[PDB]
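Next come the chains, spelled out residue by residue.
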Amino acid sequence: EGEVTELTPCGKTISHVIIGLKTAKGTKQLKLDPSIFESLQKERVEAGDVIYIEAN
Amino acid sequence: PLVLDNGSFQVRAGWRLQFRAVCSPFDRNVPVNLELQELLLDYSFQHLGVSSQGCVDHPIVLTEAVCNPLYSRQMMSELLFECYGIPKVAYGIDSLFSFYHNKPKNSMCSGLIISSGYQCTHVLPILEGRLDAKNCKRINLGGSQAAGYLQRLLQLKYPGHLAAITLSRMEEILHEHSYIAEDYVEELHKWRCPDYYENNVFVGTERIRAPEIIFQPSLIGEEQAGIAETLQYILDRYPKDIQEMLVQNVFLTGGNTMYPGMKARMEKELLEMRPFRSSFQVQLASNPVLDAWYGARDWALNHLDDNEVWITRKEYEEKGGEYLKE
């Protein structure tokens, strides 16, 4: 969970989506699949939005 | 050997004596007056008690600001060799001297150094023992413009309080009575309560609000990004291996860094911007004000460093300023 700094998606489609997360305790980066990226696009997630995601 | 550190507001000479640069030959850390600079050098030698008319018998060191002008170095070198005629001369950096004094080993120096000066603030990383000029960051704001802006706000507070309090006295009262808060959001919340700081020499929250212009560029109206954006953009293009040492060693020197709480606020902000695994440690020397003169006195004290670093006037005239520049 945390603030999303960037959204970087990388015969085209989407191979993976690079997503950063920034909190007062540190910053981490995750690469996600087009399914959960489709969930984010349905949630209208944009740069600067604090999101909560469970891995399981 | 005399160590000469020429700052925008203040100049410190030693082997001891620090004085104001107002005669101001150095504006935005770049000296704009060679005649006034040479006059301050001659007055510093007369105050140092040199035996000869012009300073000769001792090797001299001269601090060079970040991105110092090569034309100013050439004019000061020609006028210094033809006029002063010192037996030996060398160039040095106050941030490199203070970093060498702050490091436990004088051989190796690493980490991002943040130097807060009077007319400018320069933060540059250093690795392997040589400073990277690509990652160097300069800031036109400084403690002089911050003190002038504080005297302007306090001048607009009351009409009679402006003529009653001098600008320099308000700058010293802002040096002693003002500190940098760790949380700017908690500071304004603490100022609204019935219990107030109330520093009386009445000074309100503007004590902590005026020093906040260093970490907040938008407070003074400047268009600069900021220190957090400078650290993120500076550490983004660099490799991930040097980030551990850059966060492991952070040096803060200069008179503008004397504000209390700046080390804790810089440690909290740096630890917040850095990754959770990376450990951020800010290093503050016991004498950060004189750390530049101490490091310059040690670099001039080392025999091999004085032989290699020292450049003669006659050989420096034939080879040019590129010898000391490179």
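Its PDB header attributes the entry to cryo-EM and lists the resolution as 4.8 Å.

Looking up chain B in the PDB entry gives the name Actin-related protein 5, with the organism given as Homo sapiens. In the PDB, the entry goes by the title "Cryo-EM structure of the human INO80 complex bound to nucleosome". Its UniProt record, at the heading Function, says of chain B: "Proposed core component of the chromatin remodeling INO80 complex which is involved in transcriptional regulation, DNA replication and probably DNA repair. Involved in DNA double-strand break repair and UV-damage excision repair." The heading Sequence similarities in the UniProt record of chain B holds the text "Belongs to the actin family. ARP5 subfamily."

The PDB entry annotates chain A as RuvB-like 1 originating from Homo sapiens.

Draft legend 1. Just unusual backbone geometry, in detail. Despite not being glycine, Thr13 of chain A shows a phi value in the positive range, around 50 degrees. One non-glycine residue, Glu198 of chain B, lies in the positive phi region at around 55 degrees. If you trace the backbone, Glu198 of chain B turns up in the loop between α7 (184-191) and α8 (206-209).

Draft legend 2. Geometry of the interface of chain A and chain B. Each side of the interface is counted separately: chain A has six residues, and chain B has six residues. The biggest single contributor to the side of chain A that touches chain B is strand β4 (residues 26-32) of chain A, with three residues. Per-class residue counts for the side of chain A that touches chain B are one nonpolar, three polar and two charged.

Criteria and cut-off values
Residues numbered from 1 in each chain as written, not as in the entry; some residues may be left out. Chains lettered and ligands numbered in written order. Part of a larger assembly, values for the part shown. Heavy atoms only, no water. Residues with missing side-chain atoms left out of burial classes, pairs and counts. UniProt positions renumbered as here; feature names shortened; annotations may be inferred. Helix = DSSP H or I, 4+ residues; strand = E, 2+ residues; numbered from the N terminus. Contact = heavy atoms within 4.5 Å. Nonpolar A, V, L, I, M, F, W, Y, C, P; charged D, E, K, R; others polar.

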